[PDB]
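Novice: Dumping the structure here so I can ask a few things about it.
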Amino acid sequence: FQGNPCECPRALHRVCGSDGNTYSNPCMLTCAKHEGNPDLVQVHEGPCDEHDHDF
């Protein structure tokens, strides 16, 4: 679980996973998922956080 799931570009296509946890792109989500995150799911695209990942 490395390099098989993740190969996609550094596209800033920010999205959200089920935790509300924003991802840099939905390609890293599915990657992560198939890598070591069987609990992750493509809930839906678009970021859940405002525009950042911190208080």
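Quick note: numbers on chain A are straight from Swiss-Prot, i.e. 132-186, in order.
Placement of Cβ uses the backbone N, Cα and C atoms for every residue, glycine included.
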Novice: Can you tell which of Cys162, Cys179 is bonded to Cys137 by a disulfide, based on Swiss-Prot?
Specialist: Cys162
Novice: In Swiss-Prot, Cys158 is listed as disulfide-bonded to which of the following: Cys139, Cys179?
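Specialist: Among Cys139, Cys179, the record in Swiss-Prot lists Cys139 as the disulfide partner of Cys158.
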Novice: Taking the Cβ of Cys137 (disulfide bond) as reference, which residues of that chain separated by at least 6 in sequence fall under 8 Å from it?
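Specialist: Residues satisfying the criterion: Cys158, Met159, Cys162, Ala163, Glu166.
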Novice: Between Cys179 (disulfide bond) and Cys139 (disulfide bond), how far is it from one CA atom to the other, in Å?
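Specialist: Answer for this pair: 21 Å between alpha carbons.
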Novice: Validating a neighbour-count step here. Other CB atoms within 10 A of the CB of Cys139 (disulfide bond): how many?
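Specialist: So the Cβ neighbour count for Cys139 (disulfide bond) comes to 14.
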Novice: Report the member of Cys147, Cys158, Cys162 (the disulfide-bonded residues) whose C-beta atom has the most other C-beta atoms within 10 angstroms.
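Specialist: Buried the deepest by this measure is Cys162.
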